[PDB]
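Enquirer:
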Amino acid sequence: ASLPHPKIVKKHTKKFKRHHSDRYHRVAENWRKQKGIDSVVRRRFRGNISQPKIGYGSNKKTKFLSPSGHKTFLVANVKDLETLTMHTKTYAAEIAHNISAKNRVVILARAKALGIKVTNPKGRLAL
Amino acid sequence: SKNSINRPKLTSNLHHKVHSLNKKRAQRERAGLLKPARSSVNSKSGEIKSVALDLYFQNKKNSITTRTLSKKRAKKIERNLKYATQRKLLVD
Amino acid sequence: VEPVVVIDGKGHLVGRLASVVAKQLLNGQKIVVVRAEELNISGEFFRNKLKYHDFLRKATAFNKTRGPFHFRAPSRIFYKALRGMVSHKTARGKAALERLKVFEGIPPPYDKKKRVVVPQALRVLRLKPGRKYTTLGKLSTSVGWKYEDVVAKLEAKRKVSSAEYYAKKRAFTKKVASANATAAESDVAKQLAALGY
Amino acid sequence: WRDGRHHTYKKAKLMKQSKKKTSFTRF
Amino acid sequence: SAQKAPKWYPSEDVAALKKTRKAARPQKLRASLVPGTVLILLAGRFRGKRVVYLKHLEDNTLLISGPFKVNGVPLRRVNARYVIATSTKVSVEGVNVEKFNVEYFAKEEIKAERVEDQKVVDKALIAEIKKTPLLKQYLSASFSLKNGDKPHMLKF
Amino acid sequence: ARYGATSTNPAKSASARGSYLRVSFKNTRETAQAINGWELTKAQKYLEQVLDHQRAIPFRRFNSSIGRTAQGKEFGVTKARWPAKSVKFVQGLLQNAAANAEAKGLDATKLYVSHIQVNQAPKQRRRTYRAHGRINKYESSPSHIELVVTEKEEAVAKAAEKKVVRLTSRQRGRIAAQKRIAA
Amino acid sequence: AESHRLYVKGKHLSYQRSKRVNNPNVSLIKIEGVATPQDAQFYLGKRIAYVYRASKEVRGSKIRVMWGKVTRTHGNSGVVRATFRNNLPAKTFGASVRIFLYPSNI
RNA sequence: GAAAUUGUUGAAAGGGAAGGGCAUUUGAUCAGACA
RNA sequence: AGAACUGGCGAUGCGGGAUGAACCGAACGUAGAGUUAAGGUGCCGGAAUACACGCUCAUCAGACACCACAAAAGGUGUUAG
RNA sequence: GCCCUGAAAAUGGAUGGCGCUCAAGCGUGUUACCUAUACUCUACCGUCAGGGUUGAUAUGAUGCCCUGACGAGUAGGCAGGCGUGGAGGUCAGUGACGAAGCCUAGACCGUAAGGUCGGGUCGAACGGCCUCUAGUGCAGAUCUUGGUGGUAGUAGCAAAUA
RNA sequence: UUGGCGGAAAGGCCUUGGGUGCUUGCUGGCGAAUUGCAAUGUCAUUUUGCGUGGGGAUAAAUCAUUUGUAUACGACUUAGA
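Chains as they are written, first to last, in the authors' numbering: chain e, 2 to 128; chain c, 3 to 64, 83 to 112; chain O, 3 to 199; chain z, 80 to 106; chain E, 2 to 109, 129 to 176; chain P, 2 to 184; chain f, 2 to 107.
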């Protein structure tokens, strides 16, 4: 269960790779605006990669919701988790990557007690 | 082709390819190299995937060695499991 | 509607038949063209022989073994006319062309199969009377194809056998026509007549 | 036919051509 | 503190829906669907069978009966859009379908009451089928499209 | 030491290694691939025949401008050679793996080379002197060679697990109808 | 009988396209026996299945179906435009589809 | 103990490029939820 | 060739002209549906081998711009005046 | 008016190709039809503009709500952000039950800069937020230093009798 | 099973006889349901094969050696129980 929302539509599901990120290892896939005066990518020719522009902005009513319908919140300890006690249908706590296993089981205990959804409960747990 | 215009060539190759492709796929599926169904008891959907953990429990249950468990990680898993068993011991 | 359409080539115009067949193939239909040597082209014989020689000039200058290949048989002239009407350099075009078979004469098993005509490519219904035309077998023989006499011989043989077949079938349909006319006045026959049958 | 050798030979050849879709004369 | 708590939060209350203005006016069946008409089922466990339309139920469905004794299709519902209403009719006047409704078919091996109802309706329905010469043999046969039949010109 | 990929049982297998090993890497990759998956005794016999020029190592990847031979016929190639140094080093490793196999109590007649990997060791940076006062590299291409032999044990896969079927109601009804009609 | 068919045979012709741009979201289906756009108005709304087989025995069946509907006519020769929930692959240009008689207006 | 580069294994493609865009087939893989 | 003005390109994609600085069309966020422009509808290629009135047969027709050139003429080709 | 001739060389080729001849050519009429990032309608994004809002039993007034129109872009202008080393403050933040780093067709958020999580590896430190500061972000400069390929098991190892 | 015809790519066509089914040419009796209002709702053969029980069959090629009618190397052409 989550706070009600419409369908989560993503106007561009594919990642915006950089122009020649495939041709060269030295060119990363991190997006970069092509600044060349004769860049067919910048001039927006037919048959080239799409570039980010504000038209692809997600719906404001849905912009930060995960597929479960929650906005993700990073928690590192029980104290951080309890800030979502009154916001349980609008937020789901995600446990930070560096929280140790014992502190993670403490977090899961408190989260289940408060009913807060935890995004990655499987975590470092190898019971 | 241009020498044998009355034989299908592309279509014959595509039929042969689809036959050999799913014969190979079925051979792989019967040997069980493919992962089981999501509803299977042997599947790991929704649960963490770890080469090290799988090898540790395969050595405890008692080969493939491209997937190898280091003695370092084996000791770490044993220590973590001791902690987890102590936690279940304080639970019960 | 048929699974394979065996088109009789005789009396058909090369381009118009080629276009019809090409659109049939691209639509998923299997076409066989038989008697490619009695297929027709518009224009006098000399004009089409000249156009073929114009095609026959073309050859890779540095290595003639990789130039245009000038296939002489009427099936291959029709096939060339048809391959230009299909994007044959793709997998779709190659797949569609492999739904086509073209032959000189009528070899088995199609001699025992029904042959159709494409009226929108039939010279009779298309090409205005009095206008000259070219029969493809003459053109192929004139520009190199060396099996016209063979196909003529085998076609004469096939016509003899098929004439025997048709004589038998006409005898049998005479018998069946007599039978259906002898039952043509019964109660059930009149009932079928009331229903347009 | 000619003999059982040629009969099995031709039947197998035609079935292989019909089963690999490699027939000049049929489909 | 892995992430700073946002200065503003959304309110937890789920908003009531607006007053929808969508009345449930009753269905308008097409002119070809009148009770007693011979129907052709186009889908389902009985695709192709000829059946007899009896009553327009409340869940917008058609109550038909094969009849069961003829072609093995019992009293069951079929959707009005998944059926071709032919031109053959039978006088359904000798049939009392006031028993059957939506709740009759709720499912939650065959209940007996279904069986006695099938026999009761069925036997009253033969009496009209046997009046006309070949309606029985017609209703016992399956409809299918032959080579060359074009449904856009076919009459029914 | 960490071996390369390994996909056999360790109790019924034996390993051999030679590292930083001064033999041409390309030729060693050709000779090691010639005996991949082979039975061990047959592979040793084949390599001894390669030294004897009765059979040749087929050169399949590192083979530009290699001469053509008639002894590549059995391998379906035309280019093959007899890389005696690579074959000697692989033969030494074969002997070592057979010995390590004897010391584990394995049956030498059932041993086959289940994994044999060769790859490039750090190069030996010699330099040579050319025209016009130049210095150019004259490197070696030494090899790391490893292999794992394994007993060809007979274990056959037949009649494996079947996955649970997830029929819809219509499929269940169709199956029930098919049984009820005629088994 | 020996004919059990309740669908009209069709052919997948091409996507909706220009000379140099196609549009996979709309597909062109040629229905057998339909030769004019006023004949094709009958089949608008009918469900189309592309029934194709595979090798995995998925969900109790080795035969897979793509579902779609007839949307409008196309041209003057009886071609109709159809849209599927998953657009038909381009390898099926020349593949037989099935146009069922439901939903009915008869 | 990165990348370039390489070996082996598994999968796949290949009829004089490779890569990239949109869409979908197929194979492999994989996350989430309880009127 | 000079002057004066106005448009186009620069900085600019998209549809069409097979192709493309100078042509025809076209108010560039992300999509859906419909309708269109210019150009087209034998096949390649989405779309009538549509309807209709004539003309034309070219032993290398034409599909093409035209108060454009070769172009003024030549012809026992055909048609209408 | 249409047709023919009305010159023009040199690899084999072009109404775009096939091909077309009561045309699939030419002139014209009538329609139907195909199709753009254009037009109409709707949704979503952003900008701009015009209204409204201290009302508290409610939070954030650069916030919220309603309404409409718009959206190309080099130089350049303005604005909002993402990332990095070090500093002041704070979370009595994370960490040997594993910090950082690295690998990963495993996941998620963002239009994007990027951010988050899972697994493997690792073994001792490191983050969020408010600020401060700068040796702060690379695809290039025949860039610098290092490393590595194809070429390629190729050229070659043939002067001085053996 | 009888006989005949078909060599274009015949691999099909026709015919003799018995044997066993079916017959909706016509009239009867019973079954069908619950696949729950649709979901192709799977109805061919396509072959390979672990096997299931009856038949028939009992070679070569390459390397190595050799030849020189050949040859850069492969290849070619010979000879050898």
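Ideal Cβ placement from N, Cα and C applies to all residues, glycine included.
Any C-beta of chain z sitting closer than 9 Å to the C-beta of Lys32 (chain O)?
Expert: Counted from its first residue, the third sequence places residue 32 (chain O) at position 30. Answer yes: the Cβ-Cβ gap between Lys32 (chain O) and chain z drops below 9 Å somewhere.
Enquirer: Taking the continuous beta strand (DSSP E) assigned at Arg44 (chain e), which residues delimit it?
Expert: As a working mapping, residue 44 (chain e) is identified with position 43 in the first sequence. First-last for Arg44 (chain e): 41-44, but that is the alpha helix (DSSP H), not the beta strand (DSSP E).
Enquirer: To the nearest angstrom, report how far apart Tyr21 (chain P) and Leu52 (chain P) are at their CA atoms.
Expert: Reading the sixth sequence from its first residue, position 20 is the one you call residue 21 (chain P). Reading the sixth sequence from its first residue, position 51 is the one you call residue 52 (chain P). When rounded, the distance between both Cα atoms is 23 Å.
Enquirer: Is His5 (chain f) closer than 9 Å to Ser162 (chain E) when the C-beta atoms are compared?
Expert: On the fifth sequence, position 142 is the one that residue 162 (chain E) refers to. On the seventh sequence, position 4 is the one that residue 5 (chain f) refers to. Yes.
Enquirer: Just to confirm the assignment, what range does the alpha helix (DSSP H) spanning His21 (chain e) have?
Expert: By 1-based counting over the first sequence, the position of residue 21 (chain e) is 20. Note, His21 (chain e): premise wrong, no alpha helix (DSSP H); not H, not E.
Enquirer: Which residues of chain c have a Cβ atom closer than 8 Å to the Cβ of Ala127 (chain e), listed in chain order?
Expert: Reading the first sequence from its first residue, position 126 is the one you call residue 127 (chain e). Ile50, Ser52, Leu55, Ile97, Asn100, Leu101, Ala104, listed in chain order.
Enquirer: Cutting at 7 Å between CB atoms, please list the residues of its own chain near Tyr158 (chain E), excluding the five before and the five after it.
Expert: To locate residue 158 (chain E), count along the fifth sequence from 1; it is residue 138. Answer for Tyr158 (chain E): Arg51, listed in chain order.
Enquirer: Within 10 angstroms of the Cβ of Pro84 (chain P), are there 16 or more other Cβ atoms? Answer buried if so, exposed if not.
Expert: The residue labelled residue 84 (chain P) in the question sits at position 83 within the sixth sequence. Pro84 (chain P) should be labelled buried.
Enquirer: Based on Cα-Cα distance, which residue from f:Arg73, f:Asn88, f:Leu45, f:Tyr51 lies nearest to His172 (chain E)?
Expert: Here residue 172 (chain E) refers to the residue found at position 152 of the fifth sequence. That would be f:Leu45, whose Cα lies nearest to the Cα of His172 (chain E).
Enquirer: Which whole-angstrom value describes the C-beta separation of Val91 (chain P) and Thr32 (chain P), a residue pair presumed to lie in contact below a C-beta threshold of 8 Å?
Expert: Numbered from its first residue, the sixth sequence carries residue 91 (chain P) at position 90. Numbered from its first residue, the sixth sequence carries residue 32 (chain P) at position 31. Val91 (chain P) to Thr32 (chain P), Cβ: 5 Å. Contact.
Enquirer: Under 8 Å between beta-carbons, which chain P residues line up against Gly61 (chain f)? List them in chain order, please.
Expert: Indexing the seventh sequence from 1 puts residue 61 (chain f) at position 60. Near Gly61 (chain f) (Cβ distances below 8 Å), the residues of chain P are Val166, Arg167, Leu168, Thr169, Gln172.
Enquirer: Inspect the beta-carbon positions of residue 127 (chain f) and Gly69 (chain f) and report whether they are closer than 9 Å.
Expert: Outside the shown range of chain f, which is 2 to 107, sits residue 127 (chain f), and nothing can be said about it.
Enquirer: Are there 16 or more other CB atoms within 10 angstroms of the CB of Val71 (chain E), so buried, or fewer, so exposed?
Expert: Position 70 of the fifth sequence, counted from the first residue, corresponds to residue 71 (chain E). By the neighbour-count rule (16 or more Cβ atoms within 10 Å), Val71 (chain E) is buried.
Enquirer: What does DSSP give as the partner residue(s) for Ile64 (chain f) in the beta ladder?
Expert: Taking the first residue of the seventh sequence as position 1, residue 64 (chain f) is located at position 63. For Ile64 (chain f), which the question treats as bridged, DSSP gives the partners f:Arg54.
Enquirer: Hey, would you say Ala55 (chain f) sits closer than 9 Å to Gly79 (chain f), going by beta carbons?
Expert: Position 54 of the seventh sequence, counting from 1, holds the residue named residue 55 (chain f). Position 78 of the seventh sequence, counting from 1, holds the residue named residue 79 (chain f). No. Outside cutoff.
Enquirer: In this structure, does DSSP put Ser20 (chain P) in helix, strand or coil?
Expert: Position 19 of the sixth sequence, counted from the first residue, corresponds to residue 20 (chain P). Here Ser20 (chain P) sits in strand by DSSP.
Enquirer: Could you work out which residue in E:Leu174, E:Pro68, E:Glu94, E:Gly49 is closest to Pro36 (chain E) when comparing CA atoms only?
Expert: Position 35 of the fifth sequence, counted from the first residue, corresponds to residue 36 (chain E). When only C-alpha atoms are compared, the closest one is E:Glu94.
Enquirer: Please report the Cβ distance between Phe85 (chain f) and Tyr8 (chain f), rounded to the nearest whole angstrom; I am assuming they are in contact, meaning their Cβ atoms lie under 8 Å.
Expert: Within the seventh sequence, the letter at position 84 stands for residue 85 (chain f). Within the seventh sequence, the letter at position 7 stands for residue 8 (chain f). In fact, because the Cβ distance is near 15 Å, the residues do not count as touching under 8 Å.
Enquirer: Buried or exposed for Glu136 (chain E), please, with buried defined as at least 16 other CB atoms from any protein chain shown within 10 angstroms of its CB.
Expert: Counting from 1 along the fifth sequence, the entry for residue 136 (chain E) is found at position 116. Result: exposed.
Enquirer: Which residues, in order along the region 80-93 of chain O, keep a beta-carbon less than 7 Å from a beta-carbon of chain c?
Expert: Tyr81, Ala93
Enquirer: Can you check the region 110-166 of chain O for any beta strand (DSSP E) of at least 3 residues that lies completely inside it and give the ranges in chain order?
Expert: Assignment of beta strand (DSSP E) within the region 110-166 of chain O, counting only whole runs of 3 or more residues, yields 135-137 in chain order.
Enquirer: Give the straight-line distance between the Cα atoms of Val103 (chain E) and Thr89 (chain E), rounded to the nearest whole angstrom.
Expert: Position 102 of the fifth sequence, counted from the first residue, corresponds to residue 103 (chain E). Position 88 of the fifth sequence, counted from the first residue, corresponds to residue 89 (chain E). So the alpha carbons of these two residues sit roughly 27 Å apart.
Enquirer: Step through the CB atoms of chain E and report whether any lies within less than 9 Å of the CB of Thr14 (chain e).
Expert: Numbered from its first residue, the first sequence carries residue 14 (chain e) at position 13. Taking Cβ atoms only, chain E never reaches closer than 9 Å to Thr14 (chain e), which makes this a no.
Enquirer: Would you call the region 142-156 of chain P in contact with the region 9-24 of chain P, where contact means no fewer than 3 C-beta pairs closer than 8 Å?
Expert: yes
Enquirer: If you measure between the beta carbons of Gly48 (chain c) and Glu162 (chain P), is that distance less than 9 Å?
Expert: Within the second sequence, residue 48 (chain c) is the residue found at index 46, counting from 1. Within the sixth sequence, residue 162 (chain P) is the residue found at index 161, counting from 1. Contact: no.
Enquirer: Is the separation between the beta-carbon of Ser65 (chain P) and that of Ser144 (chain P) shorter than 9 Å?
Expert: Numbered from its first residue, the sixth sequence carries residue 65 (chain P) at position 64. Numbered from its first residue, the sixth sequence carries residue 144 (chain P) at position 143. No, the pair does not count as a contact, with Cβ atoms beyond the cut-off.
Enquirer: Considering Cα atoms alone, identify which of e:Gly48, e:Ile55, e:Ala110 is closest to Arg21 (chain f).
Expert: Here residue 21 (chain f) refers to the residue found at position 20 when the seventh sequence is read from its first residue. Looking at the Cα atoms, e:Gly48 is the closest of the given residues.
Enquirer: For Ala81 (chain P), which residues in the same chain have their Cβ closer than 7 Å to its Cβ, ignoring the five residues on either side in sequence?
Expert: Mapped onto the sixth sequence, residue 81 (chain P) falls at position 80. Excluding positions up to five away in sequence, the list reads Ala57, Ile58, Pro59, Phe60, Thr70, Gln72, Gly73.
Enquirer: Using C-beta distances below 6 Å, list every residue in its chain close to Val119 (chain P), excluding the 5 sequence neighbours before and after it, in chain order.
Expert: For this step, residue 119 (chain P) is matched to residue 118 along the sixth sequence. Around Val119 (chain P): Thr29, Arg30, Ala33, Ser144, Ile146.
Enquirer: Would a C-beta distance cut-off of 9 Å place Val15 (chain E) and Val91 (chain E) closer than the cut-off?
Expert: To locate residue 15 (chain E), count along the fifth sequence from 1; it is residue 14. To locate residue 91 (chain E), count along the fifth sequence from 1; it is residue 90. Result no, Cβ atoms of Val15 (chain E) and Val91 (chain E) do not sit closer than 9 Å.
Enquirer: Would you check if the distance between the CB atom of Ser21 (chain O) and the CB atom of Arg133 (chain O) is smaller than 9 Å?
Expert: In the third sequence, the residue the question calls residue 21 (chain O) occupies position 19. In the third sequence, the residue the question calls residue 133 (chain O) occupies position 131. No; because the gap between Cβ atoms is not below 9 Å, this pair is not in contact.
Enquirer: Could you tell me the boundaries of the beta strand (DSSP E) in which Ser28 (chain f) lies?
Expert: Sequence index remark: in the seventh sequence, residue 28 (chain f) carries index 27 (1-based). Element bounds for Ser28 (chain f): 23-32.
Enquirer: Does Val178 (chain O) have its Cβ less than 9 Å from a Cβ in chain f?
Expert: Position 176 of the third sequence, counted from the start, is the residue given in the question as residue 178 (chain O). So no, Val178 (chain O) is outside the interface.
Enquirer: Give a yes or no on whether the C-beta atoms belonging to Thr42 (chain P) and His116 (chain P) are separated by under 9 Å.
Expert: If you number the sixth sequence from 1, residue 42 (chain P) lands on position 41. If you number the sixth sequence from 1, residue 116 (chain P) lands on position 115. No, the pair does not count as a contact, with Cβ atoms beyond the cut-off.
Enquirer: What residues match up with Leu112 (chain P) in a beta bridge as DSSP calls it?
Expert: Here residue 112 (chain P) refers to the residue found at position 111 of the sixth sequence. Answer by DSSP bridge pairing, in chain order: P:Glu152.
Enquirer: Grouping DSSP H, G and I as helix and E and B as strand, with all else coil, what is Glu133 (chain E)?
Expert: Here residue 133 (chain E) refers to the residue found at position 113 when the fifth sequence is read from its first residue. In the structure shown, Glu133 (chain E) sits in a helix (DSSP, three-state: H, G or I).
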